[PDB]
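J.: Dumping the structure here so I can ask a few things about it.
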Amino acid sequence: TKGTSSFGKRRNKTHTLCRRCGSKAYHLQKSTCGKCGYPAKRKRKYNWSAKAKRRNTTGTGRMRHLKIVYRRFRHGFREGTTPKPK
Amino acid sequence: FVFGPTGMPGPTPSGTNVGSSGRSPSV
Amino acid sequence: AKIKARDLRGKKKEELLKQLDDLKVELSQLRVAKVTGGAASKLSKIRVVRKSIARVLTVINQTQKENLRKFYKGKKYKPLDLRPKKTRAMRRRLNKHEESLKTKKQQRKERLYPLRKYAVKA
Amino acid sequence: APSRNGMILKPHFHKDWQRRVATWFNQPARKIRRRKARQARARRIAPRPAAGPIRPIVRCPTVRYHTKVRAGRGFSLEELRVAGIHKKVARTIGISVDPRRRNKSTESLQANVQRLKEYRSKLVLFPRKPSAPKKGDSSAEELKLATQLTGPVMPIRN
Amino acid sequence: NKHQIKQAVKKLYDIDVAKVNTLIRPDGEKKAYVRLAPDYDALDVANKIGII
Amino acid sequence: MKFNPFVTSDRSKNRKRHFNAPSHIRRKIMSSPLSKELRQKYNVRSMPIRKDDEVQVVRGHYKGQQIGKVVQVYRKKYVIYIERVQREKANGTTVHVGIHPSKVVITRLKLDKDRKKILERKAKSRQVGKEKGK
Amino acid sequence: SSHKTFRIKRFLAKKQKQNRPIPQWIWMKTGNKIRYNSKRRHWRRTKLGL
RNA sequence: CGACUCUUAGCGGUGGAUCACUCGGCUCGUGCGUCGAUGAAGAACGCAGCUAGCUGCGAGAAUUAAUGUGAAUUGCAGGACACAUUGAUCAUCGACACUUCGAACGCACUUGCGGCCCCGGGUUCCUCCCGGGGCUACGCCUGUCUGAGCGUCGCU
RNA sequence: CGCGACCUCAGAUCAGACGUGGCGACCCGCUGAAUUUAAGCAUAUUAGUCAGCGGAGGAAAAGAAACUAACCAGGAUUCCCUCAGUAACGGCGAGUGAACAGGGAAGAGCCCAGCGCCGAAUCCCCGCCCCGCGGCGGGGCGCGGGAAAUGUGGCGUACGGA
RNA sequence: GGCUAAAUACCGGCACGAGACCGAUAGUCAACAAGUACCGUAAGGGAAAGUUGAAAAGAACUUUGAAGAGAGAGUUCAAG
RNA sequence: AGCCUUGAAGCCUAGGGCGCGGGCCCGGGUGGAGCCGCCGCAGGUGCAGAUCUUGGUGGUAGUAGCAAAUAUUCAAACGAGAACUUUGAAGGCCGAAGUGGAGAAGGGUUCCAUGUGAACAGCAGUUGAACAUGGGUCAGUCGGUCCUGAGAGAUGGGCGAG
Ligand SMILES: [Mg+2]
Ligand SMILES: [Mg+2]
Ligand SMILES: [Mg+2]
Ligand SMILES: [Mg+2]
Ligand SMILES: [Mg+2]
Ligand SMILES: [Mg+2]
Ligand SMILES: [Mg+2]
Ligand SMILES: [Mg+2]
Ligand SMILES: [Mg+2]
Ligand SMILES: [Mg+2]
Ligand SMILES: [Mg+2]
Ligand SMILES: [Mg+2]
Ligand SMILES: [Mg+2]
Ligand SMILES: [Mg+2]
Ligand SMILES: [Mg+2]
Ligand SMILES: [Mg+2]
Ligand SMILES: [Mg+2]
Ligand SMILES: [Mg+2]
Ligand SMILES: [Mg+2]
Ligand SMILES: [Mg+2]
Ligand SMILES: [Mg+2]
Ligand SMILES: [Mg+2]
Ligand SMILES: [Mg+2]
Ligand SMILES: [Mg+2]
Ligand SMILES: [Mg+2]
Ligand SMILES: [Mg+2]
Ligand SMILES: [Mg+2]
Ligand SMILES: [Mg+2]
Ligand SMILES: [Mg+2]
Ligand SMILES: [Mg+2]
Ligand SMILES: [Mg+2]
Ligand SMILES: [Mg+2]
Ligand SMILES: [Mg+2]
Ligand SMILES: [Mg+2]
Ligand SMILES: [Mg+2]
Ligand SMILES: [Mg+2]
Ligand SMILES: [Mg+2]
Ligand SMILES: [Mg+2]
Ligand SMILES: [Mg+2]
Ligand SMILES: [Mg+2]
Ligand SMILES: [Mg+2]
Ligand SMILES: [Mg+2]
Ligand SMILES: [Mg+2]
Ligand SMILES: [Mg+2]
Ligand SMILES: [Mg+2]
Ligand SMILES: [Zn+2]
């Protein structure tokens, strides 16, 4: 009865999609995420999982502002200028 | 214009079940 | 007619917003032609008009921003958009004058004991 | 288990020593970095000696070494006062000055005074204003025959 | 909104509107049934704009 | 040998910088020699092949003395299509057989207002090297 | 259920629009390897997480 | 003779070893050594004529402007493009733009309720109602403003 | 009662700033094991190591002696060779374990409070004038406002200094 | 009580060069739409998968069969 | 001054032989681009096992089986094709605590229409919850939204290396 019989009672979910990390680990009762600790300001990450870090690091996403900072760097972040016109 | 086939995935089953119902007690 | 960004810079704000409000109607009529079924000559003009609208709104925002940073050209406080945006640590430095500042004790040491240029005989 | 005959040797490898291993594969790639910055410096100081300021003559402590002579850190303010060089102007003509040194003996105090005389005599000074010579300044005939001395200046030989 | 829709068909098409009934499709887009005033004829304002 | 410490003598890096090269670089990569009648006129050994140029194939199955107009430059495949170098598919329709620009010699350039700049550039930098030598 | 939320109806809508086969004109391309769509999903076998 | 069985060879299948390739890794070295409230990293959702993923981008959405280049992109359409009253395509990238969540900032997290100020319809300042824009997080520094005290006083 | 100071303390969507979170190979501050070794095990060892928390920079930290020495004396810090598997620690078992000197890479020093001297001789802020203007400054005005005598600036710091 | 570059460290980042290294069960888990597909409520776990040919020239057309499938024919130096 | 598109590696071989052996050399075939002899150098260097690892394949075997809940039959149509689809006629079951008619959680397009017969639906299918094309969920009054319940949770304060 601890097995196939009591696998039917599973109908109300514990977690939902966290809004900070988009993973299905937001404990609805504890009101905190198990993947990033969303209500806490600091993203949670431990060294004892060398691999769970490589899934969420500055390279894993779009870097929509870093891939441009890395380009504006090759010229000391010049500003307010344009090439000489034709 | 060469048409194409199809493809459907499915979870890979892992064999780990062990009933271990049989008992041979002989002290 | 090929709408280039060069001949858009002399026109006036309302002579630009009338072109915008005409291109958006040409879009609406093309997104309608797409669903009613139209010739590819029309369907392919969507990429042409979406980019004509892009060129127009680009010249509008560029002239408006140039006018803004001219209006605040000599003022002390200006909008955080017109303030020079570099890296946070590069904006939180010391000025070139605070860097180039010296105490009266070191403006006196540098003066009384300058680094002399010399050589030695071998 | 020990063999028949040998040493009782204690290997100090009971810590995670493979993590903190330091390999010297960049030793040839840093000898060139040091030599390059050593010639960028010997080109930044154009006629000034390439080794740097002159160092004093200095006995060593520790009876193991108290018969060799060495090159110290700077000329004690006593030796600068005897040689007649202001302690704040010495550092601008390549004379080394550390105030911590005492002078208990005299045979070394006079050796370092004779050393400053032998340096303040070989010193070719360039005028602060180029287009106008000055009073305490070598004449324009030297400055054209003024070169950059390599190696240590007035090297110290036992 | 149903208000923005009403006031945005009364600008692009110049047709007074009776009521608006929106619903978000499983596709994701928001279908909107706009019911025209009694005198205005849908079949003849869709005839104009193209869909017919 | 090559002594520039910043150029890549590696194999797989030139075989990767080649195939993943941008189009404007694939234009230089797809250069082609000039015929010895335009060489003694312009003092230029090769030119990036353009579309409307007259060319003549020298290596392959379609090598001969027939001259043809370059019909299109398919720079993504690193190939070109010439006027009358073609083939018949099974059904009958004809397809253009691609030729590499390096195996084909140009006999009449299509002089633009820019191919004149490129020619006078090459000629200039060639006479500067001749005065550099003589 | 039938008492969805908006964030979920929208995530199901995305999961509906990702569930269609590759256009047939797309493996006549030049630099091509995709024989078919392998990221497909059937509502019966694989259960969308959630 | 016939069947079946065993062995060897021939060819044929199942399978994908071996070899030959390699736009991938591993390691060593060099140069620089730069994120964020001016909204980072990450996530979500969107954008292609035909588009699912990858990639690119953000309602200006497989990219706008500028400059260099100088004739293509291509899977098919279609469409630009005297190549010079003017510039297809790539690369560069300094101008402009950059949806929602996120340190995430009006209060909450359903996408819900607000308050203030200024515009536009509504009105004709009549508050209503609708649309648009700007504001409204916590600590903290310098000064301003308004205050509290049978705190210490001085004079009425 | 009121008025006016000062001190202490609140309130602002007050004017103008600042912090927060990410990365983390290297670095700084704390916290801190147990596998294992000892042919058992408890002190020791593993190890001030793994995990944990906080904070940075392109390097960080350290740094111009309340030092080493016992010499005929050396003279900031950091780094390498060497000292040295040494002195020493240790159920003196297992094991652990530096420094000084010396040769090198580099090389650089300084600054306050205090004690005194000077009419606060000092500093921040707003308004206007001209420039500079894409690292918010220079010069001039303001019986303009503040900070500060419960101490600002100049000389001056142990090598002595006035 | 306070400041202070250089020599020094760097399995993260950008951009590079190299090798007595491996050569698709190896080398990173990942040469490929890989931290993807998939599993787990979660923390986490996590693959398999490179090669037609020089060029698609990727077999028109005839034929039996409903079709898959064949038999001819043709492409190629070669469909062995 | 090695071998090679006048055919390298690899693999197959009732072919000729060498060596005690490890092994090797020739011939024929297949294949299509690289390979070896010698003197030294280096090593992730030789497999029959490890209830070895990964992949592939056999005998078992056309075998076990495709047996819980009473039951099917006739004619016609579509179709290449019918025990299984559709219509009609019989006979039967469920027998209002249903095999009926509607909802909550959960699923997420499974809904509806047309077509397809490759794979799947443990026989077959002309059928399907399969596949491919397209459609479809309309609110002042139905719910959410609001209020509190058990309880969760800021500020003040306290504690805390954090
Ligand atoms: Mg619960
Ligand atoms: Mg952290
Ligand atoms: Mg002072
Ligand atoms: Mg023995
Ligand atoms: Mg022995
Ligand atoms: Mg299920
Ligand atoms: Mg056989
Ligand atoms: Mg799309
Ligand atoms: Mg452009
Ligand atoms: Mg251009
Ligand atoms: Mg709620
Ligand atoms: Mg304010
Ligand atoms: Mg033990
Ligand atoms: Mg033991
Ligand atoms: Mg034990
Ligand atoms: Mg212990
Ligand atoms: Mg740690
Ligand atoms: Mg931080
Ligand atoms: Mg930094
Ligand atoms: Mg420091
Ligand atoms: Mg020392
Ligand atoms: Mg020894
Ligand atoms: Mg210890
Ligand atoms: Mg020492
Ligand atoms: Mg030296
Ligand atoms: Mg003072
Ligand atoms: Mg001191
Ligand atoms: Mg310090
Ligand atoms: Mg080399
Ligand atoms: Mg493989
Ligand atoms: Mg292989
Ligand atoms: Mg692998
Ligand atoms: Mg394989
Ligand atoms: Mg193969
Ligand atoms: Mg062959
Ligand atoms: Mg055999
Ligand atoms: Mg090896
Ligand atoms: Mg074996
Ligand atoms: Mg049977
Ligand atoms: Mg029912
Ligand atoms: Mg029903
Ligand atoms: Mg159905
Ligand atoms: Mg079946
Ligand atoms: Mg009604
Ligand atoms: Mg609490
Ligand atoms: Zn989360």
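In the structure tokens, chains take the letters A, B, ... in the order shown, each chain's residues start at 1, and ligands count up from 1 in the order shown.
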Would you mind listing the residues within 12 Å of ligand 45, counting only C-alpha atoms (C1' of nucleotides) and all ligand atoms, as a list in words?
T.: residues 152, 153, 154 and 155 of chain K
J.: Store the residues of this selection in a file with N, CA and C atoms (P, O5', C5', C4', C3', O3' and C1' of nucleotides), as a PDB file, in the first residue's frame.
T.:
ATOM      1  P     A K 152       3.690  30.296  12.080  1.00  0.00           P
ATOM      2  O5'   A K 152       3.926  30.978  10.663  1.00  0.00           O
ATOM      3  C5'   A K 152       4.554  30.268   9.609  1.00  0.00           C
ATOM      4  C4'   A K 152       4.491  31.041   8.319  1.00  0.00           C
ATOM      5  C3'   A K 152       5.375  32.272   8.246  1.00  0.00           C
ATOM      6  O3'   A K 152       6.713  31.943   7.923  1.00  0.00           O
ATOM      7  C1'   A K 152       3.206  32.815   7.490  1.00  0.00           C
ATOM      8  P     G K 153       7.920  32.793   8.546  1.00  0.00           P
ATOM      9  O5'   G K 153       7.613  34.289   8.104  1.00  0.00           O
ATOM     10  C5'   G K 153       7.771  34.692   6.752  1.00  0.00           C
ATOM     11  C4'   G K 153       7.417  36.144   6.573  1.00  0.00           C
ATOM     12  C3'   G K 153       8.210  37.104   7.441  1.00  0.00           C
ATOM     13  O3'   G K 153       9.492  37.389   6.907  1.00  0.00           O
ATOM     14  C1'   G K 153       5.918  37.624   7.602  1.00  0.00           C
ATOM     15  P     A K 154      10.608  38.076   7.833  1.00  0.00           P
ATOM     16  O5'   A K 154      10.115  39.584   7.950  1.00  0.00           O
ATOM     17  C5'   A K 154      11.049  40.643   8.085  1.00  0.00           C
ATOM     18  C4'   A K 154      10.526  41.927   7.496  1.00  0.00           C
ATOM     19  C3'   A K 154      10.907  43.206   8.222  1.00  0.00           C
ATOM     20  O3'   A K 154      12.221  43.638   7.926  1.00  0.00           O
ATOM     21  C1'   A K 154       8.612  43.262   7.669  1.00  0.00           C
ATOM     22  P     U K 155      13.237  43.959   9.125  1.00  0.00           P
ATOM     23  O5'   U K 155      12.758  45.401   9.600  1.00  0.00           O
ATOM     24  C5'   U K 155      12.532  46.429   8.645  1.00  0.00           C
ATOM     25  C4'   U K 155      11.617  47.498   9.181  1.00  0.00           C
ATOM     26  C3'   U K 155      11.940  48.034  10.560  1.00  0.00           C
ATOM     27  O3'   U K 155      13.040  48.923  10.559  1.00  0.00           O
ATOM     28  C1'   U K 155       9.608  47.709  10.347  1.00  0.00           C
TER      29        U K 155
END
J.: Within 10 Å of residue K:56, counting only C-alpha atoms (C1' of nucleotides), which residues show up once you throw out same-chain ones fewer than 4 positions away? Write them as a ChimeraX atom specification, please.
T.: /H:14-16
J.: Could you please tell me, as a ChimeraX atom specification, which residues of chain B have an atom within 12 Å of chain J when using only C-alpha atoms (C1' of nucleotides)?
T.: /B:1-2,8-14
J.: Can you write out the residues you just picked, keeping N, CA, C and O atoms, as a PDB file, in the first residue's frame?
T.:
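Saved to again19.pdb:
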ATOM      1  N   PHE B   1      11.921  18.966 -53.070  1.00  0.00           N
ATOM      2  CA  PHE B   1      10.544  18.538 -52.846  1.00  0.00           C
ATOM      3  C   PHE B   1      10.474  17.182 -52.144  1.00  0.00           C
ATOM      4  O   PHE B   1       9.384  16.663 -51.901  1.00  0.00           O
ATOM      5  N   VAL B   2      11.632  16.610 -51.817  1.00  0.00           N
ATOM      6  CA  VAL B   2      11.661  15.310 -51.155  1.00  0.00           C
ATOM      7  C   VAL B   2      11.057  15.483 -49.770  1.00  0.00           C
ATOM      8  O   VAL B   2      11.570  16.244 -48.944  1.00  0.00           O
ATOM      9  N   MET B   8       9.749  10.213 -32.648  1.00  0.00           N
ATOM     10  CA  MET B   8       9.107  10.432 -31.361  1.00  0.00           C
ATOM     11  C   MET B   8      10.052   9.972 -30.256  1.00  0.00           C
ATOM     12  O   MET B   8      10.632   8.876 -30.357  1.00  0.00           O
ATOM     13  N   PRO B   9      10.238  10.757 -29.195  1.00  0.00           N
ATOM     14  CA  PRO B   9      11.114  10.340 -28.100  1.00  0.00           C
ATOM     15  C   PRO B   9      10.360   9.620 -26.987  1.00  0.00           C
ATOM     16  O   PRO B   9       9.129   9.557 -26.966  1.00  0.00           O
ATOM     17  N   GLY B  10      11.135   9.075 -26.053  1.00  0.00           N
ATOM     18  CA  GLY B  10      10.593   8.358 -24.923  1.00  0.00           C
ATOM     19  C   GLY B  10      11.632   8.186 -23.830  1.00  0.00           C
ATOM     20  O   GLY B  10      12.818   7.983 -24.109  1.00  0.00           O
ATOM     21  N   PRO B  11      11.216   8.266 -22.564  1.00  0.00           N
ATOM     22  CA  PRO B  11      12.188   8.133 -21.471  1.00  0.00           C
ATOM     23  C   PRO B  11      12.901   6.788 -21.504  1.00  0.00           C
ATOM     24  O   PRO B  11      12.314   5.757 -21.837  1.00  0.00           O
ATOM     25  N   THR B  12      14.183   6.814 -21.154  1.00  0.00           N
ATOM     26  CA  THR B  12      14.988   5.600 -21.117  1.00  0.00           C
ATOM     27  C   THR B  12      14.702   4.822 -19.837  1.00  0.00           C
ATOM     28  O   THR B  12      14.856   5.378 -18.743  1.00  0.00           O
ATOM     29  N   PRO B  13      14.296   3.556 -19.918  1.00  0.00           N
ATOM     30  CA  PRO B  13      14.013   2.796 -18.695  1.00  0.00           C
ATOM     31  C   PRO B  13      15.283   2.235 -18.078  1.00  0.00           C
ATOM     32  O   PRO B  13      16.189   1.776 -18.778  1.00  0.00           O
ATOM     33  N   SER B  14      15.345   2.280 -16.750  1.00  0.00           N
ATOM     34  CA  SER B  14      16.487   1.781 -15.995  1.00  0.00           C
ATOM     35  C   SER B  14      16.054   0.585 -15.159  1.00  0.00           C
ATOM     36  O   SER B  14      15.043   0.646 -14.454  1.00  0.00           O
TER      37      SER B  14
END
J.: Need the shell around residue D:151: protein/DNA/RNA residues with any atom at most 9 Å away, counting only C-alpha atoms (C1' of nucleotides). Skip same-chain ones fewer than 4 positions apart. Format as a PyMOL selection string?
T.: chain D and resi 49-52+155
J.: Mind dumping the selected residues with N, CA, C and O atoms as a short mmCIF file (atom, residue, chain, number, x, y, z; two decimals), in the first residue's frame?
T.:
data_model
loop_
_atom_site.label_atom_id
_atom_site.label_comp_id
_atom_site.auth_asym_id
_atom_site.auth_seq_id
_atom_site.Cartn_x
_atom_site.Cartn_y
_atom_site.Cartn_z
N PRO D 49 72.72 55.96 -14.33
CA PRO D 49 73.21 54.58 -14.27
C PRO D 49 72.06 53.58 -14.35
O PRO D 49 70.98 53.80 -13.79
N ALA D 50 72.31 52.47 -15.04
CA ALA D 50 71.25 51.49 -15.26
C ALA D 50 70.97 50.65 -14.02
O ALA D 50 69.84 50.18 -13.85
N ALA D 51 71.96 50.47 -13.15
CA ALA D 51 71.74 49.68 -11.94
C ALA D 51 70.97 50.46 -10.89
O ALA D 51 70.22 49.87 -10.11
N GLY D 52 71.16 51.78 -10.85
CA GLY D 52 70.44 52.62 -9.93
C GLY D 52 71.37 53.36 -8.99
O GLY D 52 72.57 53.51 -9.27
N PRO D 155 81.63 49.36 -8.43
CA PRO D 155 81.34 48.06 -7.81
C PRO D 155 82.29 47.75 -6.67
O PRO D 155 83.44 48.21 -6.65
#
J.: Set the cut-off to 10 Å, count only C-alpha atoms (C1' of nucleotides) and all ligand atoms, and list whatever residues fall near ligand 18 as number ranges by chain.
T.: A: 42; I: 20-23, 54-56
J.: Could you write those residues out with N, CA, C and O atoms (P, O5', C5', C4', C3', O3' and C1' of nucleotides), as a PDB file, in the first residue's frame?
T.:
ATOM      1  N   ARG A  42      20.539  37.560  -1.600  1.00  0.00           N
ATOM      2  CA  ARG A  42      21.713  36.921  -2.178  1.00  0.00           C
ATOM      3  C   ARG A  42      21.333  35.599  -2.832  1.00  0.00           C
ATOM      4  O   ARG A  42      20.717  34.738  -2.197  1.00  0.00           O
TER       5      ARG A  42
ATOM      6  P     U I  20      27.583  47.842  -3.083  1.00  0.00           P
ATOM      7  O5'   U I  20      26.396  46.900  -2.599  1.00  0.00           O
ATOM      8  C5'   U I  20      26.227  46.616  -1.213  1.00  0.00           C
ATOM      9  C4'   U I  20      24.825  46.157  -0.914  1.00  0.00           C
ATOM     10  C3'   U I  20      24.289  45.101  -1.874  1.00  0.00           C
ATOM     11  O3'   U I  20      23.436  44.201  -1.172  1.00  0.00           O
ATOM     12  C1'   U I  20      22.894  47.000  -1.932  1.00  0.00           C
ATOM     13  P     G I  21      23.839  42.657  -1.015  1.00  0.00           P
ATOM     14  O5'   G I  21      23.650  42.054  -2.474  1.00  0.00           O
ATOM     15  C5'   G I  21      22.519  41.275  -2.820  1.00  0.00           C
ATOM     16  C4'   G I  21      22.452  41.100  -4.312  1.00  0.00           C
ATOM     17  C3'   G I  21      23.556  40.237  -4.897  1.00  0.00           C
ATOM     18  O3'   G I  21      23.347  38.847  -4.747  1.00  0.00           O
ATOM     19  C1'   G I  21      23.398  42.202  -6.152  1.00  0.00           C
ATOM     20  P     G I  22      24.606  37.861  -4.856  1.00  0.00           P
ATOM     21  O5'   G I  22      25.116  38.070  -6.349  1.00  0.00           O
ATOM     22  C5'   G I  22      24.397  37.539  -7.449  1.00  0.00           C
ATOM     23  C4'   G I  22      25.145  37.745  -8.739  1.00  0.00           C
ATOM     24  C3'   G I  22      26.437  36.961  -8.883  1.00  0.00           C
ATOM     25  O3'   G I  22      26.230  35.613  -9.262  1.00  0.00           O
ATOM     26  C1'   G I  22      26.796  39.202  -9.534  1.00  0.00           C
ATOM     27  P     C I  23      27.242  34.481  -8.744  1.00  0.00           P
ATOM     28  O5'   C I  23      28.624  34.874  -9.427  1.00  0.00           O
ATOM     29  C5'   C I  23      28.787  34.745 -10.831  1.00  0.00           C
ATOM     30  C4'   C I  23      30.106  35.304 -11.298  1.00  0.00           C
ATOM     31  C3'   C I  23      31.352  34.623 -10.763  1.00  0.00           C
ATOM     32  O3'   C I  23      31.651  33.451 -11.498  1.00  0.00           O
ATOM     33  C1'   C I  23      31.598  36.966 -10.605  1.00  0.00           C
ATOM     34  P     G I  54      27.863  35.639   2.713  1.00  0.00           P
ATOM     35  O5'   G I  54      28.727  36.907   3.134  1.00  0.00           O
ATOM     36  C5'   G I  54      28.337  37.734   4.218  1.00  0.00           C
ATOM     37  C4'   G I  54      29.501  38.535   4.743  1.00  0.00           C
ATOM     38  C3'   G I  54      30.249  39.383   3.728  1.00  0.00           C
ATOM     39  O3'   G I  54      29.567  40.565   3.356  1.00  0.00           O
ATOM     40  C1'   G I  54      31.801  38.246   5.049  1.00  0.00           C
ATOM     41  P     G I  55      29.646  41.083   1.839  1.00  0.00           P
ATOM     42  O5'   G I  55      31.153  41.586   1.705  1.00  0.00           O
ATOM     43  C5'   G I  55      31.627  42.658   2.506  1.00  0.00           C
ATOM     44  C4'   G I  55      33.048  43.033   2.170  1.00  0.00           C
ATOM     45  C3'   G I  55      33.365  43.246   0.700  1.00  0.00           C
ATOM     46  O3'   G I  55      32.910  44.501   0.210  1.00  0.00           O
ATOM     47  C1'   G I  55      35.059  41.937   1.685  1.00  0.00           C
ATOM     48  P     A I  56      32.348  44.627  -1.292  1.00  0.00           P
ATOM     49  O5'   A I  56      33.585  45.162  -2.142  1.00  0.00           O
ATOM     50  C5'   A I  56      34.485  44.245  -2.740  1.00  0.00           C
ATOM     51  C4'   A I  56      35.914  44.709  -2.612  1.00  0.00           C
ATOM     52  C3'   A I  56      36.681  44.896  -3.914  1.00  0.00           C
ATOM     53  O3'   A I  56      36.444  46.162  -4.513  1.00  0.00           O
ATOM     54  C1'   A I  56      37.949  43.558  -2.451  1.00  0.00           C
TER      55        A I  56
END
J.: Once you count only C-alpha atoms (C1' of nucleotides) and all ligand atoms, which residues end up within 12 Å of ligand 44, and could you hand them over as number ranges by chain?
T.: E: 19, 21; K: 138-141
J.: Just N, CA and C atoms (P, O5', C5', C4', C3', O3' and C1' of nucleotides) for this one: save the residues we selected as a PDB file, in the first residue's frame.
T.:
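File written: out.pdb
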ATOM      1  N   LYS E  19     -19.817  47.057 -28.342  1.00  0.00           N
ATOM      2  CA  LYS E  19     -19.165  46.449 -27.185  1.00  0.00           C
ATOM      3  C   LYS E  19     -17.985  45.607 -27.645  1.00  0.00           C
ATOM      4  N   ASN E  21     -15.493  42.151 -26.587  1.00  0.00           N
ATOM      5  CA  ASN E  21     -15.380  40.924 -25.800  1.00  0.00           C
ATOM      6  C   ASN E  21     -14.056  40.250 -26.134  1.00  0.00           C
TER       7      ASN E  21
ATOM      8  P     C K 138     -15.700  31.589 -23.622  1.00  0.00           P
ATOM      9  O5'   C K 138     -15.347  33.007 -24.252  1.00  0.00           O
ATOM     10  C5'   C K 138     -14.610  33.973 -23.514  1.00  0.00           C
ATOM     11  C4'   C K 138     -14.896  35.368 -24.005  1.00  0.00           C
ATOM     12  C3'   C K 138     -16.168  35.989 -23.441  1.00  0.00           C
ATOM     13  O3'   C K 138     -16.052  37.408 -23.433  1.00  0.00           O
ATOM     14  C1'   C K 138     -16.396  35.760 -25.765  1.00  0.00           C
ATOM     15  P     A K 139     -15.499  38.160 -22.128  1.00  0.00           P
ATOM     16  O5'   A K 139     -16.804  38.349 -21.237  1.00  0.00           O
ATOM     17  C5'   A K 139     -17.824  39.257 -21.631  1.00  0.00           C
ATOM     18  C4'   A K 139     -18.941  39.308 -20.622  1.00  0.00           C
ATOM     19  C3'   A K 139     -18.581  40.002 -19.313  1.00  0.00           C
ATOM     20  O3'   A K 139     -19.754  40.551 -18.721  1.00  0.00           O
ATOM     21  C1'   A K 139     -19.106  37.771 -18.862  1.00  0.00           C
ATOM     22  P     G K 140     -20.249  42.026 -19.116  1.00  0.00           P
ATOM     23  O5'   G K 140     -20.117  42.817 -17.744  1.00  0.00           O
ATOM     24  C5'   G K 140     -18.962  42.648 -16.937  1.00  0.00           C
ATOM     25  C4'   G K 140     -19.205  43.103 -15.525  1.00  0.00           C
ATOM     26  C3'   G K 140     -20.082  42.185 -14.690  1.00  0.00           C
ATOM     27  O3'   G K 140     -19.355  41.103 -14.143  1.00  0.00           O
ATOM     28  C1'   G K 140     -20.748  44.432 -14.381  1.00  0.00           C
ATOM     29  P     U K 141     -19.765  39.584 -14.443  1.00  0.00           P
ATOM     30  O5'   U K 141     -21.050  39.361 -13.530  1.00  0.00           O
ATOM     31  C5'   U K 141     -20.943  39.297 -12.112  1.00  0.00           C
ATOM     32  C4'   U K 141     -22.288  39.060 -11.475  1.00  0.00           C
ATOM     33  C3'   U K 141     -22.907  37.722 -11.869  1.00  0.00           C
ATOM     34  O3'   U K 141     -23.621  37.189 -10.757  1.00  0.00           O
ATOM     35  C1'   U K 141     -24.339  39.481 -12.535  1.00  0.00           C
TER      36        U K 141
END
J.: Enumerate residues in contact with ligand 11: an atom-to-atom distance of at most 8 Å, counting only C-alpha atoms (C1' of nucleotides) and all ligand atoms. Format the result as a PDB file with C-alpha atoms (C1' of nucleotides), in the first residue's frame.
T.:
ATOM      1  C1'   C H 109       2.947  38.915  -6.235  1.00  0.00           C
ATOM      2  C1'   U H 110      -2.773  36.838  -8.551  1.00  0.00           C
ATOM      3  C1'   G H 112      -4.300  42.387  -7.972  1.00  0.00           C
TER       4        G H 112
END
J.: With a distance threshold of 8 Å and counting only C-alpha atoms, extract the residues of chain E near chain G and express them as a ChimeraX atom specification.
T.: /E:26-28
J.: Could you please extract the residues within 8 Å of ligand 20, counting only C-alpha atoms (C1' of nucleotides) and all ligand atoms, and hand them back as a PyMOL selection string?
T.: chain I and resi 60-62
J.: Can you pull out every residue from chain E that DSSP, working from the backbone, puts in strand (DSSP E), and format the result as an MDAnalysis selection string?
T.: chainID E and resid 17:24 30:36
J.: Taking only C-alpha atoms (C1' of nucleotides) and all ligand atoms into account, report as number ranges by chain which residues have an atom no farther than 12 Å from an atom of ligand 15.
T.: I: 35-42
